[PDB]
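Notes follow once the structure below has been shown.
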Amino acid sequence: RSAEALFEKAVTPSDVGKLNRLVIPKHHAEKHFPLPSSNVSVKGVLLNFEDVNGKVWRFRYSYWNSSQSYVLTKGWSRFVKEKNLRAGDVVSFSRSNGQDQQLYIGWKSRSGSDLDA
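Residue 182 is where the sequence shown starts when you use the UniProt record's numbering, and the numbers rise one by one after that.
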(Lines of atoms letter the chains of each structure in order from A and count residues from 1; the text may use other names and numbers.)
(Lines give C-alpha, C1' and ligand atoms only; values in the text may rest on other atoms or scores of the structure.)
Protein backbone atom coordinates (compact mmCIF):
# COMPACT_ATOMS: atom_id res chain seq x y z
CA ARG A 1 0.00 0.00 0.00
CA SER A 2 0.93 3.68 0.17
CA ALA A 3 2.95 5.34 2.94
CA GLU A 4 1.98 8.10 5.37
CA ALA A 5 3.51 11.57 5.68
CA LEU A 6 5.44 11.90 8.93
CA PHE A 7 6.56 15.54 8.97
CA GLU A 8 6.98 18.27 6.35
CA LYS A 9 9.81 20.76 6.82
CA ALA A 10 11.29 23.52 4.66
CA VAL A 11 14.83 23.32 3.28
CA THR A 12 17.02 26.19 4.47
CA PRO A 13 19.85 27.76 2.40
CA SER A 14 22.29 25.91 4.66
CA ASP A 15 20.86 22.51 3.73
CA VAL A 16 21.83 23.16 0.11
CA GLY A 17 24.71 25.53 0.75
CA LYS A 18 28.41 24.82 1.24
CA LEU A 19 27.87 21.95 3.67
CA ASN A 20 25.33 20.33 1.35
CA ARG A 21 24.10 18.18 4.23
CA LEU A 22 20.52 17.39 5.26
CA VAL A 23 19.27 18.16 8.77
CA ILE A 24 16.37 16.75 10.78
CA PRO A 25 14.92 18.07 14.09
CA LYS A 26 14.44 15.96 17.22
CA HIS A 27 10.86 17.04 17.96
CA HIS A 28 9.92 15.04 14.86
CA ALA A 29 12.72 12.45 14.91
CA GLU A 30 11.72 11.34 18.42
CA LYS A 31 8.02 10.51 18.09
CA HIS A 32 8.25 9.29 14.50
CA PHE A 33 11.84 8.12 14.04
CA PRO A 34 12.66 5.50 16.73
CA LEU A 35 16.09 4.36 17.94
CA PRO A 36 18.06 1.13 17.28
CA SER A 37 17.92 -1.24 20.25
CA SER A 38 20.80 -3.36 18.95
CA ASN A 39 23.48 -1.15 17.39
CA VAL A 40 24.33 1.48 20.00
CA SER A 41 27.91 2.42 20.85
CA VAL A 42 29.66 4.96 18.62
CA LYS A 43 28.59 4.43 15.01
CA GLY A 44 25.41 5.94 13.61
CA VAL A 45 22.35 4.79 11.69
CA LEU A 46 21.39 4.34 8.04
CA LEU A 47 18.23 5.16 6.08
CA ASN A 48 16.60 4.02 2.83
CA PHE A 49 14.33 6.51 1.08
CA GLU A 50 12.54 5.59 -2.15
CA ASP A 51 11.90 7.84 -5.15
CA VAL A 52 8.55 8.33 -6.89
CA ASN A 53 10.55 8.59 -10.13
CA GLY A 54 11.62 4.95 -9.97
CA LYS A 55 14.81 5.58 -8.00
CA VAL A 56 16.44 4.60 -4.70
CA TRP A 57 18.22 6.75 -2.12
CA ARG A 58 20.17 6.01 1.07
CA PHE A 59 21.05 8.64 3.67
CA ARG A 60 23.28 8.43 6.75
CA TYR A 61 21.91 9.30 10.19
CA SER A 62 24.28 11.23 12.47
CA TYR A 63 24.40 13.33 15.64
CA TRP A 64 25.01 17.00 14.82
CA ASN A 65 24.10 20.45 16.20
CA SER A 66 24.84 20.11 19.91
CA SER A 67 23.86 16.43 19.80
CA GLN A 68 20.09 15.94 19.68
CA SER A 69 20.17 17.29 16.11
CA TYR A 70 20.02 14.40 13.64
CA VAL A 71 21.63 15.20 10.28
CA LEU A 72 21.37 13.18 7.07
CA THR A 73 24.83 13.03 5.48
CA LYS A 74 25.78 11.21 2.28
CA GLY A 75 23.24 10.92 -0.52
CA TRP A 76 22.08 14.51 -0.15
CA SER A 77 24.60 15.79 -2.69
CA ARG A 78 23.72 13.14 -5.27
CA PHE A 79 20.04 13.86 -4.58
CA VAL A 80 20.14 17.66 -4.59
CA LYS A 81 22.09 17.40 -7.85
CA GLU A 82 19.82 14.81 -9.48
CA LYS A 83 16.61 16.77 -8.89
CA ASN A 84 18.54 20.06 -8.91
CA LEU A 85 17.04 20.77 -5.48
CA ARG A 86 17.82 24.10 -3.81
CA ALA A 87 16.84 26.51 -1.04
CA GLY A 88 13.21 27.60 -0.88
CA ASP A 89 11.68 24.19 -1.52
CA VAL A 90 9.97 21.93 1.02
CA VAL A 91 11.28 18.57 2.22
CA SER A 92 8.85 15.97 3.56
CA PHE A 93 9.43 12.42 4.80
CA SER A 94 6.98 9.53 5.16
CA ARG A 95 6.96 5.97 6.51
CA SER A 96 5.38 2.71 5.37
CA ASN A 97 3.82 0.20 7.77
CA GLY A 98 5.04 -2.70 5.64
CA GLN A 99 7.28 -5.47 6.96
CA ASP A 100 10.49 -3.43 7.04
CA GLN A 101 11.33 0.12 8.13
CA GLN A 102 11.16 1.48 4.58
CA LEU A 103 10.82 5.24 4.09
CA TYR A 104 10.10 7.69 1.27
CA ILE A 105 11.37 11.17 0.40
CA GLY A 106 8.98 13.70 -1.11
CA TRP A 107 9.71 17.30 -2.06
CA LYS A 108 7.41 20.22 -2.88
CA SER A 109 7.78 23.38 -4.97
CA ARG A 110 5.07 25.96 -4.29
CA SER A 111 4.68 28.17 -7.36
CA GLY A 112 1.38 29.93 -6.78
CA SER A 113 -0.96 29.20 -9.68
CA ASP A 114 -3.01 26.01 -9.93
CA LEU A 115 -2.21 25.40 -13.60
CA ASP A 116 1.51 25.50 -12.79
CA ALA A 117 3.28 22.14 -12.72
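C-beta: ideal position from N, C-alpha, C; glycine also.
With a 10 Å radius around the Cβ and a threshold of 16 neighbouring Cβ atoms, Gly256 comes out buried. Ranking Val261, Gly198, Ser292 by CA distance to the CA of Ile286 puts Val261 first. Boundaries around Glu263 are those of the alpha helix (DSSP H), 257-263, since no beta strand (DSSP E) includes it. Secondary structure at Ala298: coil, using DSSP grouped into helix, strand and coil. Of the candidates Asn265, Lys236, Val271, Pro215, the residue whose Cα lies closest to the Cα of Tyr242 is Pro215.
A distance of 8 Å or more separates the beta carbons of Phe240 and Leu187. Contact between the stretch 231-238 and the stretch 272-287 is present: 3 or more CB-CB pairs across the two stretches fall below 8 Å. Minimum Cα-Cα distance from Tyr244 among the listed residues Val226, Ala191, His209 corresponds to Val226. Between the alpha carbons of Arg291 and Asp297 lies a gap of roughly 9 Å.
For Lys212, there is no enclosing beta strand (DSSP E), as DSSP gives it neither H nor E. Less than 8 Å separates the beta-carbon of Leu266 from that of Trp288.
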